[PDB]
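Below is one structure; the comments refer to it alone.
Just so you know, all these numbers are worked out from the coordinates, no wet-lab data involved. Here the Cβ positions follow ideal geometry from the backbone for every residue, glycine too, while neighbour counts run over all protein chains shown.
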Amino acid sequence: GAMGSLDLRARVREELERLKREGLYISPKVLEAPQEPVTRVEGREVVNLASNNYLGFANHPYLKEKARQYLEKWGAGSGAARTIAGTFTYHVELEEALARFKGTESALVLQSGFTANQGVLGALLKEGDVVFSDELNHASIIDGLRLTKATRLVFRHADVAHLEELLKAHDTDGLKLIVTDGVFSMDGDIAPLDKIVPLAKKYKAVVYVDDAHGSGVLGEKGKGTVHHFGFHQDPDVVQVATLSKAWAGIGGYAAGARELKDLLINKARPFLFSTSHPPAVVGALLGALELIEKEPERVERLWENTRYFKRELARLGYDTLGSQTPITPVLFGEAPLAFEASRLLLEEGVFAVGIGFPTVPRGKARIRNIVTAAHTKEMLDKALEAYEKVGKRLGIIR
Amino acid sequence: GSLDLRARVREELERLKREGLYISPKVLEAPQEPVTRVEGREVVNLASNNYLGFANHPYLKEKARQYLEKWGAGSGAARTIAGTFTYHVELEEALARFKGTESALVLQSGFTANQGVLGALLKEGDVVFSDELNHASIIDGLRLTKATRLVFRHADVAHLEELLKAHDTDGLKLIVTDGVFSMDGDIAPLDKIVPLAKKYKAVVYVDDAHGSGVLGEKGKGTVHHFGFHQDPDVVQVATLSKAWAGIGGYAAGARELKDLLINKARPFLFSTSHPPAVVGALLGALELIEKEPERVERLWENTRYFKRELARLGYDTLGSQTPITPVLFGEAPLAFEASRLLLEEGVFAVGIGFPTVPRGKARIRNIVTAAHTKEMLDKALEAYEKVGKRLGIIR
Ligand SMILES: Cc1ncc(COP(=O)(O)O)c([C@@H]2N[C@H](C(=O)O)C(C)(C)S2)c1O
Ligand SMILES: Cc1ncc(COP(=O)(O)O)c([C@@H]2N[C@H](C(=O)O)C(C)(C)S2)c1O
């Protein structure tokens, strides 16, 4: 109009004002001690139920020592993309260790779980393919699909009846790909692969699982959701997951046939066009895989802690939304009440972050608690005491 | 019937092999340095982006070690939830100070920074004006937006003006360019683009992956070089993985930009923050370049030397202006053969042909660094002379 196209500060102001009006403006907390089940926020020690540190690895000396070894040997940076002089021996060492752990012929690491989805989906899919995506799939899956030319269908969450209706109605001569989170990040439920994968065979579809929140959590020694349901050697199951949660570093990976690995090396755009991970990162992750083999009882402790916390929340009167994994949402309903409960929990010494629309539905705002192997009973009971006090105060529990 | 996974993979791998585009990367067997080891042999490495010699520098490694020991192996969360720690803020403050901008935000890569910042800025009804030769990660970031996308001929400010005149909007006009073009090593003409932006009420976005640590006073970057680092209508994105010899990307500009990105950039909202060893190395890098500003000088000395010697042999370096030093071979097969023959001489550089670069403009890309010595550069020049004579590109 009269004054011309917007300047940057005007565009920013208009978007920030809009977000503040919609109750979406965020001011994240700064942690002042390491990533542990007790940490420091705003000058205070707090029970931390906000992180993805499922196994207690993020500040574990074993990982730190292997990191240090690789840092000293190889340096601070790789200096290139994997394709052109950024692959070093340590990259391949980690890929081989991951494949062995996962039980697949091969494994390929990408720069994040977020980019792994983009890269793997983009390498696999082509115009005229059909994708069947779970309604509640992660945002990184959505962005990966949007960069492809595949036809995209959405099935109601975990609804295998709906999925079969779409598989009957929508055919192709190319690839049919059923795409799901393995463990859904917000509600903590598990994709029903026991039903999806047989369905896939009946309609000659491939299944793709983003197991970010199942790696190090489900299956024998944390080998993941796909391993848990017994499908880890099926070549028509594509396994993606992340190295940033249980494994407590950064990165994403795919695991399968030497030839799938070769496709990703040739085609995945975040692999072709982004720098490889540095030695300290890779050494920590090699450490993580060694430590879970040494201390597999961490996974048992994780699940013991989980069942305890969930049972005690239910006894107070809270709703954990049918969650099945250490992801333990507590329903508050409206986003303002979730955010107020998070504030009041912090006053009590408990750090857990409120989440509302658009991340989760209107009227299904929650606080996401993630239980870890490193939480103690007294930490969990402190968190439960805080939830009792706050919930009574807000009138959601008796 | 449908395709199964192995069939789709085989179809696509066979396709790439029939097109001669299937790649088999090499595995480096020693640290990222100007001399390294490939396939069991020592080589002069002209295939890194390690402009300042920081990748294996003990100063970065010691600061990395300190932060690893203090804070651990992982952040364990996205920045928005429980993944912002004191050391992230320390790095952002240090980066803003070095850049000369009001603010700085670190993101998981230069690749994802482009997606995050373009996504946060752009809305339906905005008009983008992109340089023909912009990086692939800019393309992917634009594809995720609902903005109208126009392409101007490479560095053609006449063309850009014609488009800016013809395509007005009540929303945002964003002129998007690499700062330093990854393949040819030329520099965006921001001294003409930015005035043109003012005339047509546009914002300028610069992906300065290959300018950060390279151009400008003390390596402050391309936007600093052209004098526009305090302009709120210039947005900079770059990588921390080349000169700064880590991983990560950053966005630098007006204070309000940072606030928008925190709230809106999808790779920021939906991915884990970087770990202490990575942040510590980068804090180290910013301290080291303030202590040893002569590294930037050496980088440019080395570049001028290499370029002049290649010209003296009879090679064409394509008008490159930065340490990115392409040598023209013409067709892709000859560039690949030259790269193979250079490796046999102990010189490691990257052959590039169509589709990445135009037909007839296939090249070997060499990146000179501050850490290359005269004897290394002369070894490279010796190999180029031998190979060039053998292939008849030079006399
Ligand atoms: C202009 C530009 N922007 C972003 C990146 C990615 O930064 P990162 O994600 O690694 O932080 C690159 C990379 N440069 C590589 C190279 O020049 O060798 C490439 C293999 C072409 S991709 C780039 O040139
Ligand atoms: C299913 C799924 N896939 C990929 C990623 C991205 O992995 P990264 O890029 O960090 O390696 C996530 C992240 N989970 C975060 C969290 O649940 O806390 C998120 C903040 C919702 S994004 C995820 O849930």
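Listed values, structure above:
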| read-out | value |
| --- | --- |
| Selection count where residues are surrounded by fewer than 15 Cβ atoms within 10 Å (Cβ to Cβ) and either facing chain A (nearest Cβ under 7 Å) or of a type in the set (D, E, K, R) (or both), scope region B:12-24 | 6 |
| Some residue of region A:217-240 being more than 16 Å from ligand 1 (Cβ to nearest atom), within 14 Å of chain B (Cβ to nearest Cβ) and among the basic types (K, R) | no |
| Scope region B:84-113; condition over 26 Å from A:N52 (Cα atoms) and either without any contact (Cβ under 8 Å) to a residue 40 or more places away in the chain or not aliphatic (A, V, I, L, M) (or both); matching residues | B:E93, B:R97, B:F98, B:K99, B:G100, B:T101, B:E102, B:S103 |
| Number of the exception - B:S137 against (1) small (G, A, S); (2) over 19 Å from the mean Cα position of the chain (by Cα); (3) within 12 Å of another protein chain (Cβ to nearest Cβ) | (2) |
| Residue selected from region A:140-156 under the condition in contact (Cβ under 8 Å) with a residue 24 or more places away in the chain and within 26 Å of A:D194 (Cα to Cα), by the criterion farthest from ligand 1 (Cβ to nearest atom) | A:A150 |
| Residues that are part of a helix (DSSP H, G or I), buried (at least 18 other Cβ atoms within 10 Å of the Cβ) and at the interface with chain A (Cβ under 9 Å from one of its Cβ atoms), drawn from region B:59-97 | B:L60, B:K61, B:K63, B:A64, B:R65, B:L68, B:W71, B:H88 |
| Flag if A:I265 is buried (at least 22 other Cβ atoms within 10 Å of the Cβ), within 30 Å of A:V206 (Cβ to Cβ) and within 8 Å of chain B (Cβ to nearest Cβ) | no |
| Selected residue [among the hydrophobic types (A, V, I, L, M, F, W, C) and within 19 Å of the chain's Cα centre (by Cα)] from B:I367, B:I394 | B:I367 |
| Condition check for A:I265: aliphatic (A, V, I, L, M) and closer than 20 Å to A:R100 by Cα | yes |
| Per-region count, region B:12-40, residues among the small types (G, A, S) and either touching a residue at least 40 places away in the same chain (Cβ under 8 Å) or touching a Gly at 6+ places or on another chain (Cβ under 8 Å) (or both) | 1 |
| In region A:268-317, the residues that are over 24 Å from A:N117 (Cα atoms), of a type in the set (G, A, S) and within 11 Å of another protein chain (Cβ to nearest Cβ) | A:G287 |
| Residue, surrounded by the most Cβ atoms within 10 Å (Cβ to Cβ), within region B:379-391, restricted to residues that are more than 10 Å from B:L342 (Cβ to Cβ) and more than 29 Å from the chain's Cα centre (by Cα) | B:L391 |
| Leading residue by the ranking (nearest to ligand 1 (Cβ to nearest atom)) among those in region B:98-116 that are within 11 Å of another protein chain (Cβ to nearest Cβ) and part of a loop (DSSP other than H, G, I, E, B) | B:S109 |
| Pair list, Cβ under 6 Å, 6 or more apart: region A:236-253 residue in contact (Cβ under 8 Å) with a residue 40 or more places away in the chain, other residue away from ligand 1 (no atom under 16 Å from the Cβ) and of a type in the set (S, T, N, Q) | A:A241/A:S215; A:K245/A:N52; A:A246/A:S215; A:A248/A:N53; A:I250/A:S244; A:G252/A:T242 |
| Test: residue in region A:41-55 that is without any contact (Cβ under 8 Å) to a residue 12 or more places away in the chain, farther than 30 Å from B:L28 by Cα, under 21 Å from the mean Cα position of the chain (by Cα) and facing chain B (nearest Cβ under 8 Å) | no |
| Region A:291-317, subset touching a residue at least 60 places away in the same chain (Cβ under 8 Å) and among the acidic types (D, E), residue surrounded by the fewest Cβ atoms within 10 Å (Cβ to Cβ) | A:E293 |
| Single residue of A:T359, A:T372, A:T376 found to be within 26 Å of A:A246 (Cα to Cα) and over 22 Å from the mean Cα position of the chain (by Cα) | A:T376 |
